[PDB]
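The structure under discussion appears below in the form of structure tokens.
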Amino acid sequence: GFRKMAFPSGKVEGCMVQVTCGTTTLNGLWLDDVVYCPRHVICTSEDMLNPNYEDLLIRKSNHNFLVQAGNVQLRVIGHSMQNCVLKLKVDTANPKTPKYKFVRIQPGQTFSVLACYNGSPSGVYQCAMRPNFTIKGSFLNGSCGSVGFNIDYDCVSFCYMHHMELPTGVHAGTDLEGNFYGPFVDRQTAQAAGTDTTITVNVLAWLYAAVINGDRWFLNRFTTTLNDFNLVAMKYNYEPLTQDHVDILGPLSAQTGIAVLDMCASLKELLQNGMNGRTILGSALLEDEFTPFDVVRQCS
Amino acid sequence: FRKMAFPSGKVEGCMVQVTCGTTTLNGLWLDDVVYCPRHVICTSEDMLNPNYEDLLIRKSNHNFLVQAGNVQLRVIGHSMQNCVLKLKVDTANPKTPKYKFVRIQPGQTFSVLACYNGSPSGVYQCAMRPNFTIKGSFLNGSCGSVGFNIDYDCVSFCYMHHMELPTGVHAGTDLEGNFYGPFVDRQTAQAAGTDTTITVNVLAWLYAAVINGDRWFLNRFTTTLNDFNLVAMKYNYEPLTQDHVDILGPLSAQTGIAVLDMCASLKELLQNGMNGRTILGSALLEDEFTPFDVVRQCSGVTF
Ligand code: NA
């Protein structure tokens, strides 16, 4: 079988806390003796329209920040800002701190989101960083400071902190150094993303998952050149496929015996003819939020 | 809308491995008991019609290797309850959450924590089908992985994984070892019976669409529950129970759309199709979101 699968969330749940400043409460990430959270926790409703964050932060002291782990208050003994993230030094180390790294992910890469409200984990689901640097998440009021991550052995790579919901209902946020993905800004203004494009390497990985799970109606005897495929892909607002991508699809190509450029010819026909009201792995649409690695991990 | 799993940490802290010989599968460690599939005691040559009572007689506490990672928990008692083995161990799990064992109905959803050799790999949501199978993602080594729901820090365990059917769907038991469906734990010929669409979940999804302003499918008509159920069965939809009508109450109150008026709306969609038009940007009616899942996702619920 083959489903969207998230990483087990326990190593991240043990790091979630609530951060309050005035009547603004959101989530923070507690690693060793530091709590990371969105810097807009320091804003009022009047502030959030056009915030001068360096000005707003200098008017704050440690005691303006209430950090709660379960129902235990941690004392803030220092604060700094790094881009759009606030770093609250607390007088207590988190013993549940996992091995971790901060990473900045690339468009097309996937991660798990632990959606949290008032410092309490609510749900876990798998996202991709879209080519326009938005994520198609599920986040409500209070979700800010929720994080996205990957787990490799025992090591959590944090790649996303949640900040914003655009008017189209997609989501924007930062890496854990506080830099936005995409052209977004942490002000209360309606922001549009760039045109979005489909993650071609991922669609191919999902078609290979489909073959592996016995869904083959879309295959054909034909091949294409990489350049000819890319011309059609670009026509349909799909990202270019690189030789690096062809290489990354190698294991799935080997497993199924279907050469990457033969699978490219199948996708070209799907784009040109459509699916004719047929489905692939239950989907009426071509799915582009599984990476090659996600398909191998799940299909071993 | 997304399939969202429950946070898995409270279950991660209960997963162990159970080995007989070179057969390793997952177990659930709650207080001083480990629960696992009873076929951990089988040999390959004897899985066509194993005599579990006579395979278990020949086993003693010292034939079971229970490990939390590489740490052995000594077995001090064993018993079989239906298709589950219960191994009493000499250590109470300090990570035991508040829990219950529940037997779910078809249509109910739950999170699966897929594990291999006691080590959690991934978490996903899924629905018990009306034919008592789940469309899981399970590889060899996943047996003993569990399914659960969380309500206010209480973990309700509802599924333990046992077997893959010929069509690639999965079957298992509750935590009392009773199979969902007509399945048996022997490597024999078993096929799941034809599946149907989970009507109560389609109606929850239509309510979700109305909550989000997508309401072109609402009509001037109503139906009786009996007339609806007879029509639904002609389209391979499950009939509604009184419990289904009751669990749609909150969404009916929120939208102001009576359950039997939504039924009359769905009946028109079944008779006429959607005609190009989508609902929540899907041409397909979704049947794996429960009324709870629609509320859970539209509201702030934490655990
Ligand atoms: Na229909």
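Below, chains carry the letters A, B, ... as their sequence lines are ordered, and counting in each starts from 1.
Without hydrogens or angle criteria, B/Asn178 side chain to B/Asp174 main chain gives no donor-acceptor distance under 3.5 Å. A donor-acceptor pair under 3.5 Å is absent between the side-chain atoms of A/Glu289 and the main chain of A/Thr110, judged by distance alone. At least one donor-acceptor pair under 3.5 Å links the side chain of B/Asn201 to the backbone N or O of B/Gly107. Not a single donor-acceptor pair under 3.5 Å links the side chain of B/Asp32 to the backbone N or O of B/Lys88. Counting only distance, with no hydrogens or angles, the side chain of B/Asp90 and the backbone of B/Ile76 share no donor-acceptor pair below 3.5 Å.
Atoms CZ and OG1, from B/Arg74 and B/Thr91 in turn, are 7.5 Å apart once rounded to the nearest 0.5 Å.
A cation-pi geometry, defined here as NZ or CZ lying under 6.0 Å from the six-membered ring centre and within 45° of its normal, holds between A/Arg297 and A/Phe7. Because its NZ or CZ atom is both nearer than 6.0 Å to the ring centre of B/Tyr52 and within 45° of the ring axis, B/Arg38 counts as a cation-pi partner of that residue.
Scanning both residues, B/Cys20 and B/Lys59, for their nearest heavy atoms gives SG-CE, 4.5 Å. Here the closest non-hydrogen pair linking B/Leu139 and A/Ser300 is CD1-CB, 3.7 Å.
Using cut-offs of 30° and 60° for the angle between ring planes, the B/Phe1 and B/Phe289 rings count as perpendicular. Ring orientation note: the planes of B/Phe101 and B/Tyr99 are tilted relative to one another, at an angle of 30° to 60°.
Side chain to side chain, A/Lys4 and A/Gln126 fail the donor-acceptor criterion of an N or O pair below 3.5 Å. For the residue pair B/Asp293/B/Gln297, the side-chain donor-acceptor check at 3.5 Å is not satisfied. Side-chain contact annotation: B/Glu238 with B/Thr199, donor-acceptor N/O pair under 3.5 Å absent. In the model, B/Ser119 has no side-chain atom that pairs as donor or acceptor with a side-chain atom of B/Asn117 under 3.5 Å. Between the side chains of B/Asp46 and B/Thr43, no donor N or O sits under 3.5 Å from an acceptor N or O.
Inter-residue side-chain proximity for B/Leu25 and B/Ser145 is flagged as unmet; no heavy-atom pair is nearer than 4.5 Å. Side-chain atoms of B/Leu266 and B/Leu285, non-hydrogen and from C-beta on, do get closer than 4.5 Å to each other. Annotation: side chain of B/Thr302 is not in contact with side chain of B/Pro7 (no heavy-atom distance under 4.5 Å). Inter-residue side-chain proximity for B/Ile198 and B/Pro106 is flagged as unmet; no heavy-atom pair is nearer than 4.5 Å. Residues B/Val295 and B/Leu251 are in side-chain contact: their nearest non-hydrogen atoms beyond the backbone lie under 4.5 Å apart. Using a 4.5 Å heavy-atom threshold, the side chains of B/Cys42 and B/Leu55 count as touching. Looking at heavy atoms from C-beta onward, B/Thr197 lies out of side-chain contact with B/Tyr235 at the 4.5 angstrom threshold. In this structure, B/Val11 and B/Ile150 have side chains that are not in contact, with every pair of non-hydrogen atoms separated by 4.5 Å or more.
The number of heavy-atom neighbours closer than 6.0 Å to CG of B/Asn51, taken from other residues, nucleotides and ligands shown, is above 12.
The pair A/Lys99-A/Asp154 does not meet the salt-bridge criterion, since no charged nitrogen lies less than 4.0 angstrom from a carboxylate oxygen.
Of the options B/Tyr124, B/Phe148, B/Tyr159, B/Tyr180, a ring pair (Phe, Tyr, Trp, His ring centres under 6.0 Å) to B/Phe110 is made by B/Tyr159 and by none of the others.
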